[PDB]
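Read through the structure below, which is laid out as structure tokens, and then see the notes.
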Amino acid sequence: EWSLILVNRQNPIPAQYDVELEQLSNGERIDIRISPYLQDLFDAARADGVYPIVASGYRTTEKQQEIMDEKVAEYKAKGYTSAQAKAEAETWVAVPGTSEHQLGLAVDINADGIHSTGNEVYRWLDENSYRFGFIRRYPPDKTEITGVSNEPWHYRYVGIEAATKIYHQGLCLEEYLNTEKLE
Amino acid sequence: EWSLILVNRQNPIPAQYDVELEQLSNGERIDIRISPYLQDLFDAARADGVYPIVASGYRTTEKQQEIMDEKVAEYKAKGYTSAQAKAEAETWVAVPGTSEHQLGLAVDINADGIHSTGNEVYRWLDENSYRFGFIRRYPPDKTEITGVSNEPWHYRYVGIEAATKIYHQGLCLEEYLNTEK
Ligand SMILES: [Zn+2]
Ligand SMILES: [Zn+2]
């Protein structure tokens with residue numbers, strides 16, 4: 001099922017994955033399939049006086065490389081050999097060909113800052129996103145399963161049916177998929 | 001000449017300005033007219049063992065808006081009034097309607113991280129960008145004229161002849177267009 005595709009270190013994007021991108025007002029791009037769900041989400045947040053942005057939508061391989069390299073540079077500057085920096089940067093940034101952002105199913109949502117702080121948007125999304133098919137992909141209690149640190153901006157479209165189950169079930173996507181495969 | 005357009009609070013982007021955009025491999029977009037020059041710039045950089053990336057090309061009004069609001073929020077959070085936060089934010093980020101990035105003639109160039117540092121790239125661009133017809137639009141010593149802070153990553157396409165002149169004359173774009181008079 002298309003919305004449940006697993007992309008992680010162990011599950012790279014399939015060769016020749018087709019994606020039709022819609023362009024948002026801010027120039028970011030998303031899978032046309034998630035557009036009205038994301039639109040509903042933003043509509044709802046604003047109706048609650050919460051004002052989010054799409055910081056990052058679709059990213060190309062090259063784009064994913066540059067974010068990753070910038071992340072590595074940051075850790076080198078904090079006293080990491082480049083070998084240490086790579087491994088450490090990879091807990092924040094997926095190596096190219098393993099970011100969900102390469103599907104067009106992930107958005108990194110932030111506050112517009114002026115009407116809302118990061119924390120208010122992050123809270124709101126955590127409690128609400130599932131109603132619109134989006135999950136908090138990388139919660140702090142599952143970093144030992146996802147391989148990724150607490151990333152309160154990164155929301156993954158999986159669809160309403162699945163997001164609600166995952167949210168109630170209190171699980172990460174890997175667990176949910178693993179538990180679906182078992183039964 | 002089309003490439004010398006000045007753009008600021010006084011000179012908002014013209015109504016229906018015509019951008020003719022191209023996607024780069026990182027997903028950033030540039031006016032197609034600057035494509036060969038940017039490619040020549042990265043080629044020469046890479047040839048010099050210097051490894052730049054385009055962190056930002058074309059931006060929508062809304063994209064510009066979002067950067068500016070994020071900047072304003074950073075200043076509000078460090079105790080600036082709404083009016084100060086905006087004032088301060090504007091020295092780093094142009095207001096929508098006044099950015100060169102909305103022309104697709106401006107690129108933010110950073111280091112690729114692991115082959116070069118930002119300063120090495122910033123240094124290189126400083127000394128070589130004009131050959132490809134880009135200028136360091138916002139030099140430190142012209143913040144009074146340009147109304148923008150030192151932004152060593154921001155390069156404006158103006159053309160090789162144009163960029164070369166401005167660089168030797170040591171001037172900022174505002175200055176050169178007043179030279180023309
Ligand atoms: Zn993300
Ligand atoms: Zn810029």
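Just remember, in the structure tokens the first chain shown is A, the second B, etc., residues are 1-based per chain, and ligands are 1-based in the order shown.
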
Worksheet entry | Site check for ligand 1: residues at most 9 Å away, only C-alpha atoms and all ligand atoms, as a list in words |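 Taking only C-alpha atoms and all ligand atoms into account, the residues around ligand 1 at most 9 Å away are residues 55, 56, 57, 92, 93, 94, 99, 100, 101, 106, 107, 108, 109, 137, 151, 153, 154, 155 and 156 of chain A.
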
Discussion item. Hey, which residues sit close to ligand 2? Say within 10 Å, counting only C-alpha atoms and all ligand atoms, and write them as a list in words.
Written reply: residues 55, 56, 57, 58, 59, 92, 93, 94, 99, 100, 101, 102, 105, 106, 107, 108, 109, 136, 137, 138, 151, 152, 153, 154, 155 and 156 of chain B

Practice prompt. Write out as an MDAnalysis selection string the residues lying within 9 Å of stretch 140-145 of chain A, counting only C-alpha atoms and excluding same-chain residues fewer than 4 positions away.
Written response: chainID A and resid 91 149:152 171:172 174:175

Item to complete: Looking only at strand (DSSP E or B) from DSSP on the backbone, list the matching residues of stretch 6-167 of chain B as number ranges by chain.
Response: B: 21-23, 29-31, 52-56, 106-111, 134-136, 154-157

Selection above as a file: C-alpha atoms, as a compact mmCIF listing (two decimals), in the first residue's frame:
```
# COMPACT_ATOMS: atom_id res chain seq x y z
CA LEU B 21 13.45 29.05 -14.39
CA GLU B 22 15.51 25.88 -14.63
CA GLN B 23 15.86 23.15 -11.97
CA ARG B 29 16.05 26.94 -9.47
CA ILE B 30 17.78 29.69 -11.40
CA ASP B 31 16.89 31.86 -14.31
CA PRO B 52 30.62 25.14 -3.41
CA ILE B 53 26.89 24.35 -3.30
CA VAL B 54 23.90 26.43 -4.25
CA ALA B 55 22.07 26.73 -0.89
CA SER B 56 19.48 29.14 -2.38
CA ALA B 106 20.82 35.65 -7.06
CA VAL B 107 22.38 32.58 -5.45
CA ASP B 108 23.49 31.85 -1.93
CA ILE B 109 26.65 29.78 -2.28
CA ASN B 110 28.04 27.73 0.64
CA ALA B 111 30.74 25.11 1.03
CA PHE B 134 28.46 37.57 -10.34
CA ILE B 135 29.25 40.08 -7.60
CA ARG B 136 29.41 39.91 -3.79
CA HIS B 154 24.96 36.09 -1.57
CA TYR B 155 26.02 36.47 -5.23
CA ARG B 156 24.06 38.53 -7.77
CA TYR B 157 24.37 37.89 -11.53
```

Worksheet item: stretch 83-88 of chain B: which residues within 12 Å, counting only C-alpha atoms, same-chain residues fewer than 3 positions away excluded, as a PyMOL selection string?
Response: (chain A and resi 113-114) or (chain B and resi 65+67-80+91-95+147-149)

Practice prompt. Kindly determine which residues of chain A lie within 7 Å of chain B, considering only C-alpha atoms, and give the answer as number ranges by chain.
Written response: A: 25-27, 59-60, 62-63, 66, 69-70, 72-73, 112-114
